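Below is one structure; the comments refer to it alone.
Neighbour counts run over all protein chains shown; Cβ positions are idealised from the backbone, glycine included. Taken together, the values in this text are just the output of simple stated rules run on the coordinates, not laboratory data.
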Amino acid sequence: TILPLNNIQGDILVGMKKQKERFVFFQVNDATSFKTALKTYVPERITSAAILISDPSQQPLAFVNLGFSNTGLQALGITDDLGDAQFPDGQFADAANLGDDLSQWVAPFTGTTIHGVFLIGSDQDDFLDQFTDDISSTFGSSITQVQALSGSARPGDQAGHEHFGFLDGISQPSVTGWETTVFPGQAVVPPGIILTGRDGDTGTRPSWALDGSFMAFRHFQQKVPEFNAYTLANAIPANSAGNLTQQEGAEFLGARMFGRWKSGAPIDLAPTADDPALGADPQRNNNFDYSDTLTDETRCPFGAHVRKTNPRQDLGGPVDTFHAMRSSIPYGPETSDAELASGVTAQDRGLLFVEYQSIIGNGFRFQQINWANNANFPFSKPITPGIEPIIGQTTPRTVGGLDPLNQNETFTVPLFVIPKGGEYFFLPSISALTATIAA
Ligand code: HEM
């Protein structure tokens with residue numbers, strides 16, 4: 001079905017994969033002025049998939065994508081019904097459903113004043129400042145940047161790992177419609193699961209929404225010291241392979257909670273010990289489907305993060321409907337001595353989470369509500385799965401199966417991932433930005 005890679009905002013389909021990234025949130029002050037600026041800004045800065053997959057030699061110093069909130073489209077006079085059920089009322093209005101603690105959200109997210117967001121991906125912060133200025137210059141006061149969240153890859157060997165220390169970005173759906181390599185174990189879905197209007201999208205979209213996509217953005221603050229402290233105070237005693245020490249048991253616990261070792265080695269393949277080499281191998285680190293641990297939790301818990309967000313075999317076989325693309329990035333400094341040596345967070349660090357799907361309710365929202373937060377999911381298992389330890393928000397946050405030996409044992413885990421704000425955005429096709437929004 002050959003997708004128009006030159007017209008699709010790159011981050012939706014390929015992911016910026018740049019070291020630094022900045023999210024510039026803004027509200028529209030003067031619509032007319034804004035659309036006019038848009039007409040000159042897009043062709044000059046909005047980077048497409050085609051540009052991201054082309055050789056470095058011709059890529060910008062920084063990538064820029066742009067998304068709008070419902071109130072943003074409203075402010076710009078674009079009143080078409082995009083067809084998604086959550087997008088219209090905003091995420092904060094949906095936060096309770098996600099199981100969020102509203103007291104934790106902070107402005108300017110605690111409402112719908114945010115009209116859209118500019119995603120700037122570059123390798124150096126100074127380039128980030130350069131393009132940031134270019135934005136508030138091309139647009140001047142026709143808009144007002146209300147907040148900017150910036151993130152960067154963690155140092156050295158940690159690059160690519162989120163702040164709890166786990167390698168992130170391993171498993172991603174592969175969509176048909178473009179020449180691309182498929183890793184063994186990688187889901188292959190119709191372009192409609194991610195791009196609105198395309199094949200597989202069950203929603204009813206206006207024609208201009210073609211090749212667009214909804215972004216679920218979550219500003220997460222992570223309590224790292226607390227996380228470690230907790231795994232030590234709960235280190236798993238042993239497993240098939242033998243008795244585990246303190247560290248060993250703690251490391252094993254963390255891995256049991258995620259479904260992967262901090263190295264990326266999926267526990268359904270390295271069930272009793274880490275396999276660094278396997279983790280670093282994209283041709284092997286994702287070739288599993290729990291088909292060998294369906295009715296028992298020896299190889300992998302029923303409620304491990306990755307298994308809850310992508311149950312794979314736990315639901316019969318392949319299913320397109322619930323896959324989504326992720327393009328998140330860590331933020332904040334590393335954990336100090338005074339921090340870990342106290343088990344109490346003393347600095348702001350976390351994840352700037354970005355998830356793309358044609359239907360919010362079938363991706364992020366589904367993974368969150370229907371799976372992660374559902375104690376009875378995966379369905380019909382010998383032992384109750386429980387609440388996903390990492391992002392599940394149903395209380396009591398009780399998850400079972402962590403200890404492979406005495407599986408029935410349950411653990412009520414403290415929430416280490418804290419929602420500070422979020423929003424639902426729509427990223428139109430590059431052409432739509434000018435033919436419809438700026439029109
Ligand atoms: C502080 C926040 C979070 C951290 C540390 C974290 C992320 C992790 C890690 C470290 C992996 C392993 C890599 C892989 O299989 O790429 C992964 C997987 C995944 N996570 Fe998260 N995550 C967070 C939040 C969320 C939220 C809020 C959702 C959805 C409601 C989610 C969804 C997914 C998906 C869909 C996958 C891949 C499953 C698969 O295909 O095997 N994550 N995540």
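Relative to the current alpha-carbon distance between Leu102 and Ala233, full extension at 0.36 nm per residue lengthens the span by 44.2 nm.
Please report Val146, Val224 as a ranked list, fewest other C-beta atoms within 10 angstrom at the top and most at the bottom. Each step should come with its number before you reach the end.
Working: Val146 15, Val224 22.
Ascending Cβ contact count within 10 Å gives the list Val146, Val224.
Sorting 322-330, 25-33 by their mean Cβ neighbour count within 10 Å, with the most densely packed peptide first, gives 322-330, 25-33. Backbone phi angles across segment 213-225, fed through the Karplus curve with coefficients 6.51, -1.76 and 1.60 (θ = phi - 60°), yield HN-Hα couplings of 5, 8, 10, 9, 10, 10, 9, 9, 9, 9, 9, 5, x Hz in residue order; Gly and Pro are listed as x. Here segment 154-182 is scanned for amide nitrogen atoms under 12 Å from the site 7 Å beyond the Cα of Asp199 along Cα-to-Cβ, giving 176-178.
Model label points for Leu405 and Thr36, set 7 angstrom from Cα along the Cα-to-Cβ axis, are 7.4 nm apart.
In this simple spin-label model, placing a label point 7 Å from the Cα along the Cα-to-Cβ direction at both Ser342 and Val146 gives a separation of 3.4 nm.
Taking 22 Å as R0, compute the FRET efficiency from the Cβ-Cβ separation of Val182 and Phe379 and round it to 0.05. Write down the numbers at each step before the final one.
Details: r = 28 Å, r/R0 = 1.29.
Computed FRET efficiency for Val182 and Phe379 comes out at 0.20.
Extending 7 Å from the Cα toward the beta-carbon at both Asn243 and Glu44 defines two label points whose distance is 6.9 nm. Here the gap between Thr295 and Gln283, fully extended at 0.36 nm per residue and compared with their Cα-Cα distance, gives a gain of 1.6 nm. For segment 363-374, 3J(HN,Hα) computed residue by residue from phi via the Karplus equation (6.51, -1.76, 1.60; θ = phi - 60°) reads x, 2, 4, 5, 4, 5, 6, 4, 10, 3, 6, 8 Hz, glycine and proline entered as x. When the Cα gyration tensor is reduced to axis lengths a ≥ b ≥ c, the ratio a/c is 1.5 or higher for segment 248-301, and with a/b not above b/c it is classed as oblate.
Across segment 386-428, how large is the tail of the calculated P(r) beyond 15 Å, expressed as a percent of all Cα pairs?
Roughly 54 percent, once rounded to a whole number.
Can you put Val413, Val106, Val399 in order of Cβ neighbours within 10 angstrom, beginning with the fewest?
Listing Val413, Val106, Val399 from fewest to most nearby Cβ atoms yields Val106, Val413, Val399.
A simple charge model with +1 on the Cβ of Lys and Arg, -1 on the Cβ of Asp and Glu and nothing else charged puts the dipole of segment 205-300 at about 400 debye relative to its Cα centre. Packing, taken as the mean count of other beta carbons within 10 Å per residue, orders the peptides 180-186, 191-197 from highest to lowest as 191-197, 180-186. Using only side-chain charges placed at the Cβ, +1 for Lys and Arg and -1 for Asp and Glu, the dipole size of the chain relative to its Cα centre rounds to 420 debye.
Taking amide H atoms as placed 1.01 Å from N in the peptide plane, the amide H of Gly160 lies under 5 Å from those of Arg154, each 5 or more residues away in sequence or on another chain.
Fraction of C-alpha pairs exceeding 17 angstrom in segment 347-439: 63 percent, rounded to a whole number.
Candidates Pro378, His219, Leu232 compared by Cα position along the dipole of the chain: farthest toward the positive end lies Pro378, with charges placed on Cβ.
The residue list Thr335, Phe302, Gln347 was ranked by how far each Cα lies along the charge dipole of segment 277-384 toward its positive end, using unit charges on Cβ atoms, and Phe302 comes out on top.
If packing is taken as the mean number of other Cβ atoms within 10 Å per residue, what is the order of 74-82, 114-122, 381-389, highest first? Intermediate results must be reported in sequence, preceding the final value.
Details: 74-82: 15.3, 114-122: 25.3, 381-389: 23.0.
Ranking, from highest mean packing down: 114-122, 381-389, 74-82.
Sparse packing (at most 16 other Cβ atoms within 10 Å of the Cβ) combined with a DSSP loop state is found for the following GluC sites (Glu not before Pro) in segment 352-439: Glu409. About its Cα centre, the dipole of segment 1-122 is roughly 580 debye, where the only charges are +1 on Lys and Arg Cβ and -1 on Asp and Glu Cβ.
Kindly provide the helix-only [θ] at 222 nm of the chain, computed as the sum of -39,500 (n - 2.57) over DSSP H runs of four or more divided by all residues, to the nearest 500 deg cm²/dmol?
Details: 11 runs with 83 residues, N = 439.
Taken over the chain, the calculation gives -5000 deg cm²/dmol.
In sequence order, segment 281-287 has phi-based couplings of 9, x, 7, 10, 5, 9, 8 Hz under the Karplus curve 6.51 cos²θ - 1.76 cosθ + 1.60, θ = phi - 60°, and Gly or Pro positions carry x.
For the chain, compute the orientation-averaged projected area of the C-alpha convex hull (one quarter of its surface), in nm².
Spelled out: convex hull of the Cα atoms, projected over all directions, averaged, 19.7 nm².
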